[PDB]
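Chains as they are written, first to last, in the numbering used here: chain A, 337 to 407; chain B, 1472 to 1600; chain C, 1438 to 1576; chain D, 5 to 59; chain E, 682 to 783; chain F, -3 to 140; chain G, 5 to 143.
All C-beta atoms, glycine included, are put in the ideal place defined by N, C-alpha and C.
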Amino acid sequence: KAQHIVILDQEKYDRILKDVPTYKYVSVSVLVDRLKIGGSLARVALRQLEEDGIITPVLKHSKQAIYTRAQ
Amino acid sequence: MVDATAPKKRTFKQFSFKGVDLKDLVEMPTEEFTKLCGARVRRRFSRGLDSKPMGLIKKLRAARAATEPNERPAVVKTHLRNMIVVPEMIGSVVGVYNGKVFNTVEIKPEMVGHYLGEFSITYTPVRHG
Amino acid sequence: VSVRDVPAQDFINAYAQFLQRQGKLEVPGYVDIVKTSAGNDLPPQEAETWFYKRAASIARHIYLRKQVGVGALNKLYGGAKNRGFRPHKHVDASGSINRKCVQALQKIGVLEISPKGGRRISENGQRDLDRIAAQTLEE
Amino acid sequence: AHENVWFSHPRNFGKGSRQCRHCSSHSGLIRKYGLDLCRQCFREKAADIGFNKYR
Amino acid sequence: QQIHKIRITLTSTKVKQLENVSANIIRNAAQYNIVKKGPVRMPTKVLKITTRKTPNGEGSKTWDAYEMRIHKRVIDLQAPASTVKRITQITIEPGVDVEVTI
Amino acid sequence: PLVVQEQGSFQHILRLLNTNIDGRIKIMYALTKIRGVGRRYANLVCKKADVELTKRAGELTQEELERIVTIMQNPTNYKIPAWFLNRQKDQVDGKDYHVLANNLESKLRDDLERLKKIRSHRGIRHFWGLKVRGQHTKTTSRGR
Amino acid sequence: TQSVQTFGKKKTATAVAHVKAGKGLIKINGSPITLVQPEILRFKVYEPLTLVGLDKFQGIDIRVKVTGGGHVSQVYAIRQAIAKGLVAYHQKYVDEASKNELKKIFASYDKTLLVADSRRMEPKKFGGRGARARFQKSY
RNA sequence: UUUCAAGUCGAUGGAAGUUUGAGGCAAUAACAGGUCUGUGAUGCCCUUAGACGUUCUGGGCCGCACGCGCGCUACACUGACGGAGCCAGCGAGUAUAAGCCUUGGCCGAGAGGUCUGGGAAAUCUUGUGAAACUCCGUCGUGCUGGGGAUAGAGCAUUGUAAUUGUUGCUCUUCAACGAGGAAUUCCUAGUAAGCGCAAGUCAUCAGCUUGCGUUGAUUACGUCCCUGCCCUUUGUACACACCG
Ligand SMILES: [Mg+2]
Ligand SMILES: [Mg+2]
Ligand SMILES: [Mg+2]
Ligand SMILES: [Mg+2]
Ligand SMILES: [Mg+2]
Ligand SMILES: [Mg+2]
Ligand SMILES: [Mg+2]
Ligand SMILES: [Mg+2]
Ligand SMILES: [Mg+2]
Ligand SMILES: [Mg+2]
Ligand SMILES: [Zn+2]
């Protein structure tokens, strides 16, 4: 029943930048769980959001990415 | 998928084994023929042919020479069922022991490259009920 | 600074970048086709760079030891094969890939055929590897 | 003629290629350290050979 | 064929005769002013054979575990070859075999 | 190396060699649905066609799709090794081939009658649906 | 000069520590301790350091060679060789009052810093795949 | 605590305080338990030249509507792959053979081939650079990149001989299985569980045993409730002893 979205359109993209900052804790599963996007799409979003400064890296690991809001 | 091509032509079909048709197939020396078949056959001929396979070929050759009205070439019987069928012996009929009886097989051209005893099953099939 | 004073994992990522950017390493034509080991089931995921990274590992691995052969390199990078229903087993890596790397590396430098077997590191091999270690740790 | 057939099959690299020193059996042979003895003949000669049970 | 660094290799199953011959040779290499190296205790080899107890194939799966320990010692002497060989005949023992290599 | 967006270019369902392919699967593993195309084979045709593996099936353009189906139909012309092929040293013409979706079962069948026509032992057991490679059947393969 | 050599052991792993007088060099098989590959266990070898304070290692340099055992078993052998080497150096070249002080903090935190674990693998017995495990029985 | 006895439970010291851990040996008798398919160990019976002796050739012991037992892979994300990191121990090893362990170099995508050299061995294979494992990536809950049966085609090794594929490798084919009812097994510390490696069988073949080491726990440290055995009392018309 999952049918998670793997292609990023524009409606979801700006919705992401409007919703991810208002999260206590973001991770690979959090993006999948609440944004309905796929796991692979979640991983690329986290690696860019850190470069754009919106997201602060709490911990770095291959199997787990622990991130938090930067404000 | 680009498209869907389906032409085909009637090239006067004749049996062919790995690119060599029946006409040329029959007149190949077994040394040249083995160079275009499987790995197991190629290994066997390099390991050295003992006297038993070579003796059977001579008798199979003679059995064909026995009849020249062009009917079946009479049967040579043998136990050596590890014999590899070669184009030279196409059309000959051999009786291959399966442990009890002389199963009779006719060497069809499509049988080439197989073991001679592979066409004489050694066990009667199971039948429950 | 020496090779032993820098972490191995991020040193190879730095030596791999240099060997690719240097471009002098001769890459065999089958690197986009072959699998590293008979125990593997798929080719490497980093098609463009896997050969460079493996050569960096071979060069670094030879630095810390003495006369390692090419047969030993197959055992080192080999892993457990996934036999279907039979238990797992260790299987050696491909011989050609390891032999080509050290041969490709021998005319680009760092190594040479050592006495009493194996492949020693070259007079210049210590000079330029220790260099890479320095350009690894400034950040 | 007959001499070329009698005992003509090769009897090397096989289980029938070797036999027990003692009973000339073919099954349960021990080849370690060149013993070439059946496992039953070994037990009745182990003390004589110099094999003892310690652990 | 005068002075010669000569190695004597001692192997046996039992250690008492091995150490008696080893000590007796070392002792004889003391009163004779001969510089010596040894004895060197080589790592002992445990020859283990594990068979089934049953001559037939019935019962609980019980196994014997036979053993044959082999101990090897080498002693280095600096003496002429005539001198070393006669020391061997002095310390001859039925259990221990001797091989002499130059 | 960053998240990108597109509109109307993605294709949810592809049709290659008369087989329907889901467009949201990664290209290397989407092609494995085509019978005769395994994971190992799909990795090479994408790399020979200069199609980077980080793309979903629907992301591909028509130019790339035709370039892939062209390579699969002519593997030897693109430095694909003979030993890497599906059907090498073919029975009738002796050349190295790689049979695909609507051709594999045809030549697999033709091999079965070719075994059954000569009445080989392997062909007979294939007819019964039993194991032909000597596996024991005393205690295994009892389903239907 | 003032040199003492010691060793620590785990199941099979044995780490030989050489403690010489110097500037404070602390290496693992010729590599700094800051780069041990059991990253999750890097603080196991950091424990003998931060417990007493790094000022104790100003005058001594330590070079260990650890062989045998496994990845984890080697870490416990290394940390024991370091802890025992520091104590053995103080007993021989410093007053024994300081040596008893250092030995107190280590033991009060973890006994394995100074005392080798005596556990070894139990032999396997026939009738089962393990030391105590047995083949499944049927009636 | 205790009959202040035998002991038991806690600490301290200690390498070790469960008989220090683990085994080897192991009583008085006994079983119609299993083996004459280990014996040039055997009594008797059968056969002994058209052999039931021995040998050659080929097949079978693998044969398949089915029930059961010892096991191996798995059913996934505490994971699969792809790279990178890279640590053991127990052992074995040959000559004019009938061919041992085989590094190093050179060919091959692999399996493997070839040329030299070391080792009758703490010397060389070998630090057996093993696998789980760790790091960085791809995958993203999908019978999916889990799983790898079944099968087609091709390439090598051993062997006189591979067909009923010995085994290995390449591509393709990618099935049940989505954690398993009634029942039932093993186990208390470097133990269980994984994870590999060596030796035996072995020309070739280990999903098997015998050991070894790597990672390494949860939970009792109690009871006779189930089950088996031992002891005492008891009944007996049994003593070939309840298979009476
Ligand atoms: Mg069409
Ligand atoms: Mg090798
Ligand atoms: Mg690896
Ligand atoms: Mg037939
Ligand atoms: Mg107990
Ligand atoms: Mg026979
Ligand atoms: Mg059992
Ligand atoms: Mg991995
Ligand atoms: Mg051989
Ligand atoms: Mg009770
Ligand atoms: Zn015997």
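| Item | Value |
| --- | --- |
| Is the stretch 699 to 706 of chain E close to the stretch 766 to 780 of chain E, with three or more CB pairs under 8 Å? | yes |
| Thinking C-alpha only, which one of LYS1461/C, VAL1539/C, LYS1512/C, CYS1538/C is nearest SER1474/C? | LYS1512/C |
| For residue 1393/C, which of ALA1541/C, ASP1478/C, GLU1560/C has the nearest alpha-carbon? | No statement about residue 1393/C is possible, as the shown extent of chain C runs from 1438 to 1576 and does not include it. |
| Would DSSP call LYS112/F helix, strand or coil? | helix |
| Quick check on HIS1527/C: buried or exposed, where buried means 16 or more other Cβ atoms within 10 Å of its Cβ? | exposed |
| Could you tell me whether any non-hydrogen atom of ligand 3 is closer than 8 Å to the CB of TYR93/F? | no |
| Kindly indicate the opening and closing residues of the beta strand (DSSP E) around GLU1549/C. | 1548 to 1550 |
| According to DSSP, simplified to helix, strand and coil, what is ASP65/G? | strand |
| Return yes when the Cβ of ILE730/E is within less than 9 Å of the Cβ of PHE11/D, no when it is not. | no |
| Assuming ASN98/F and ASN16/F make a contact with CB atoms under 8 Å, what is their CB distance in whole Å? | That belief does not hold up - the Cβ atoms of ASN98/F and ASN16/F are roughly 13 Å apart, past 8 Å. |
| Once the 5 residues before and after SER77/G are set aside, which same chain residues still bring their CB inside 6 Å of it? | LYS14, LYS15, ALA17 |
| Pull out every residue of the stretch 1465 to 1485 of chain C whose Cβ sits closer than 7 Å to any Cβ of chain F, in chain order. | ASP1469, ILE1470, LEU1479, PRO1480, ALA1484 |
| Terminal residues of the continuous beta strand (DSSP E) containing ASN709/E? | Here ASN709/E belongs to no beta strand (DSSP E); instead the alpha helix (DSSP H) covers 696 to 712. |
| Would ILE1592/B count as contacting chain F if we go by Cβ distances under 9 Å? | yes |
| Of all the CB atoms in chain E, is at least one closer than 9 Å to the CB of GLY38/D? | no |
| Counting only beta-carbon atoms, is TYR403/A nearer than 9 Å to chain F? | no |
| Under 7 Å between beta-carbons, which chain C residues line up against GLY34/G? List them in chain order, please. | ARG1441 |
| Whole-angstrom Cβ separation of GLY1509/B and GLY1584/B, contact assumed at under 8 Å? | 6 Å |
| Does DSSP put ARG11/F in a helix, a strand or coil? | strand |
| To test your reading of the DSSP string, which unbroken alpha helix (DSSP H) runs of 4 or more residues are found completely within the stretch 26 to 52 of chain D? | 43 to 47 |
| For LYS103/F versus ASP92/F, is the C-beta spacing smaller than 9 Å? | no |
| Got a sec, what are the start and stop residues for the beta strand (DSSP E) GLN1454/C sits in? | Careful: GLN1454/C lies outside any beta strand (DSSP E), inside the alpha helix (DSSP H) at 1445 to 1459. |
| Nearest to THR1476/B by CA position, among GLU59/F, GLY19/F, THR66/F, is which residue? | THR66/F |
| Establish whether the CB of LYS717/E and some CB of chain G are separated by less than 9 Å. | no |
| Could you check what DSSP says for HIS752/E in three-state terms: helix, strand or coil? | strand |
| Would you check if the distance between the CB atom of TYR361/A and the CB atom of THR404/A is smaller than 9 Å? | yes |
| What's the call for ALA25/G, buried or exposed, on a 16-neighbour Cβ count within 10 Å? | exposed |
| Measuring only the C-alpha atoms, how far is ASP1447/C from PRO724/E? | 42 Å |
| Kindly indicate which residue of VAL0/F, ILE64/F, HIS132/F, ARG118/F has the alpha-carbon position closest to the one of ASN39/F. | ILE64/F |
| As a quick check of your reading: which residues have a C-beta less than 6 Å from at least one non-hydrogen atom of ligand 11, in chain order? | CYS24/D, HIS26/D, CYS27/D, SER29/D, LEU41/D, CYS42/D, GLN44/D, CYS45/D |
| Mark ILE756/E as exposed unless 16 or more other C-beta atoms lie within 10 angstroms of its C-beta, in which case mark it buried. | buried |
| Contact criterion: CB-CB distance below 9 Å. Does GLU739/E meet it with respect to chain D? | no |
| Within 10 Å of its beta-carbon, does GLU387/A have 16 or more other beta-carbons around it, so buried, or fewer, so exposed? | exposed |
| Helix, strand or coil for residue 1398/C? Go by DSSP, reduced to three states. | Here chain C comprises residues numbered 1438 to 1576, so residue 1398/C is not present and cannot be evaluated. |
| Tell me which same chain residues have a C-beta within less than 8 Å of the C-beta of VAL342/A, skipping the five on either side of it? | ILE373, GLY374, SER376, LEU377 |
| Around the Cβ of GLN683/E, are there at least 16 other Cβ atoms within 10 angstroms (buried) or fewer (exposed)? | exposed |
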